Structure formats: structure tokens, C-alpha cells
Amino acid sequence: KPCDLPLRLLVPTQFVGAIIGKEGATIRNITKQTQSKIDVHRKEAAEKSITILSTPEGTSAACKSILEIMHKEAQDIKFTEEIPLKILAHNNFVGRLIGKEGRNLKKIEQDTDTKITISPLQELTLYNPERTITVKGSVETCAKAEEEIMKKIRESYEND
RNA sequence: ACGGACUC
């Protein structure tokens, strides 16, 4: 029933302060409301990883809160550039997400109204096996795409 | 730096 595989996001360092909040208040609320364990590295592109461990539903809820917080802060500081959702996933667990001929990926794109691209295999390194899944859309469409992407990642984890 | 946090 529990899947040990966390959701891992890549977010711009600029927005981590809003995610965590003064004295941890914001992230404290998220982890309480979504019953999740969320890890942000203090030192670590000017992007930082966030690891979210929870049920599928609590994981999607925490991701959606982080996307909402980040979009608000971008508006607050007149940050005009798009902020795609970026999911990290081990190379061993992406073939099911993509599917024969990209079929599964394109279906998620059409179902969620996002544009999803995966980093090229040859950008991996010996000791970084994580591909970057970039999801372009609104807060709402990106959150739905996260739900569908991680279903496929977990399906591969739990079988493959 | 709005850096919070629950083990194995």
C-alpha cells in the first residue's frame, strides 16, 4: 500500500523563502494539512530540489500548494517569466511514463492541457540518474499533470 | 538568505 518513492521537484532558489515562510510557518502548514514529509536542502542552475513523501493524494496536494505559493510570489515580485513545474525521476522509471511512441506522455498532455518534455538521456551523469520532466501550464493544469505523471512513475517503481 | 522539519 505505501510506495516508498517520493516526489522530487526542482524549483528556483528565489522562491524557496516563500515556500518555507517566516520561521517555517508556511511549510509547517503544508506538511500538517497534507500529512507529508517535505525536505528542502539548505545548500545545493539556481534551482533547489524538494522531496515530498506522502500518500499519492497528500503528495499532489503539497505539490499544488507549492505551485500556488510560487505563482503568488512571482506575481508579488513582478517576476514576469514562466515558472514550469519540474519533476525529477530516476531513469529506470520513465519508460512507462513516456510509453510506446510517446503515447502515454502525449495522452497526459492532452488530458491535462500541458506541454511536457523530458531531459535527454545523454545529459544524465554517472552519479545523477535523475531525468528532469518539465511541465508547462497553469498552476491548475501543472498540478493535474503531476498526478498523472507520478501515477506512471509509481507504476514502474512498483513493477519494473 | 521568509531554511522549517518525524526516528529507524
Side-chain angles (χ1 to χ4, degrees), chain A residues 1-94 96-97 112 114 116-119 123-160:
Chain A
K1 267 162 176 164
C3 185
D4 295 35
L5 187 66
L7 165 65
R8 285 171 47 77
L9 311 173
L10 254 190
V11 302
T13 312
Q14 177 148 216
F15 301 120
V16 171
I19 294 169
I20 294 175
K22 261 158 299 273
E23 278 170 47
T26 302
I27 190 164
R28 263 177 19 220
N29 200 45
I30 294 172
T31 61
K32 177 166 156 184
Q33 294 317 135
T34 68
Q35 299 184 334
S36 57
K37 176 175 187 274
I38 302 179
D39 307 311
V40 186
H41 310 257
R42 215 200 156 280
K43 302 195 175 227
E44 189 181 281
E47 298 176 320
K48 269 161 166 131
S49 70
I50 303 183
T51 299
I52 303 165
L53 191 71
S54 192
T55 65
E57 300 77 352
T59 296
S60 300
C63 182
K64 183 176 196 201
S65 296
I66 290 163
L67 297 182
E68 289 173 325
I69 290 165
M70 274 215 289
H71 182 63
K72 175 181 194 328
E73 173 77 5
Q75 287 185 308
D76 282 10
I77 49 149
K78 303 167 137 153
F79 186 94
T80 80
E81 313 178 63
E82 337 292 335
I83 294 128
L85 163 70
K86 297 194 181 173
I87 296 172
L88 304 171
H90 195 291
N91 193 51
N92 285 343
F93 310 134
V94 297
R96 194 168 298 241
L97 166 63
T112 62
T114 55
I116 305 161
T117 58
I118 311 317
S119 52
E123 309 206 28
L124 296 187
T125 70
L126 310 210
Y127 304 123
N128 199 306
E130 289 186 326
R131 305 281 281 289
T132 301
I133 304 153
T134 297
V135 181
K136 289 149 174 293
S138 61
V139 163
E140 46 254 51
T141 57
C142 289
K144 288 307 182 114
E146 178 277 333
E147 299 181 12
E148 298 304 322
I149 289 162
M150 292 294 300
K151 274 181 230 184
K152 288 286 191 261
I153 299 308
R154 292 189 197 101
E155 181 183 324
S156 184
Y157 190 76
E158 282 309 327
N159 268 98
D160 299 328

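Below, each value reflects all heavy atoms present in this structure, side chains not excepted, and no hydrogens, waters or symmetry copies. By convention in this document, chain letters (A, B, ...) are assigned in the order of the sequence lines, proteins followed by strands, and residues within each chain are numbered from 1.
- Residues forming a ring pair (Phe, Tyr, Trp, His ring centres under 6.0 Å) with A/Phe15 (at least two apart in sequence, or on another chain): A/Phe79.
- Computed from coordinates, the A/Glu44 CD to B/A1 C1' distance equals 15 Å when rounded to whole Å.
- Between A/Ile20 atom CD1 and B/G3 atom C1' the separation is 4 Å, expressed in whole Å.
- Atom CD1 in A/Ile77 sits roughly 13 Å away from atom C1' in B/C2 (whole-Å rounding).
- In terms of the salt bridge (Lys or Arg N to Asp or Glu O under 4.0 Å) criterion, residue partners of A/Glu148 (sequence neighbours excluded) are, by chain and number, A/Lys151.
- Of the options A/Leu5, A/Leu53, A/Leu7, A/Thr34, a side-chain contact (heavy atoms from CB on, under 4.5 Å) to A/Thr59 is made by A/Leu7 and by none of the others.
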Could you list all N or O pairs between the protein and nucleotides 5-8 of chain B that sit under 3.5 Å apart?
none

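- Side-chain contact between A/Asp39 and A/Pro6: absent, with no pair of heavy atoms (C-beta onward) separated by less than 4.5 Å.
- Base engagement by A/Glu73 is indicated by at least one non-hydrogen atom pair under 4.0 Å involving a base atom.
- Counting heavy atoms from C-beta on, the side chains of A/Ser156 and A/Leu97 never come closer than 4.5 Å.
- The CD1 atom of A/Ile52 sits 18 Å away from the P atom of B/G4 (whole-angstrom rounding).
- A straight line from CG of A/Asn29 to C1' of B/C2 spans 15 Å, rounded to a whole angstrom.
- A/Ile50 places its CD1 atom 14 Å from the P atom of B/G4, with the value rounded to the nearest Å.
- Checking B/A1, B/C2, B/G4 against the side-chain heavy atoms of A/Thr31 singles out B/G4 as nearest.
- If you check B/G3, B/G4, B/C2 against the side chain of A/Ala18, the one that comes closest is B/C2.
- When heavy atoms are screened at a 4.0 angstrom cut-off, A/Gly24 is found touching the sugar-phosphate backbone but no base atom.
- No side-chain heavy atom of A/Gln35 sits under 4.5 Å from any side-chain heavy atom of A/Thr55.
- Between the P atom of B/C2 and the CD1 atom of A/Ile27 lies a distance of 14 Å, rounded to the nearest Å.
- Using a 4.0 Å cut-off between charged nitrogen and carboxylate oxygen, A/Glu47 and A/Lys86 count as a salt-bridge pair.
- For A/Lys48 against B/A1, a side-chain-to-base donor-acceptor contact under 3.5 Å is present.
- Note: CD1 (A/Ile30) to P (B/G3) measures 14 Å, nearest angstrom.
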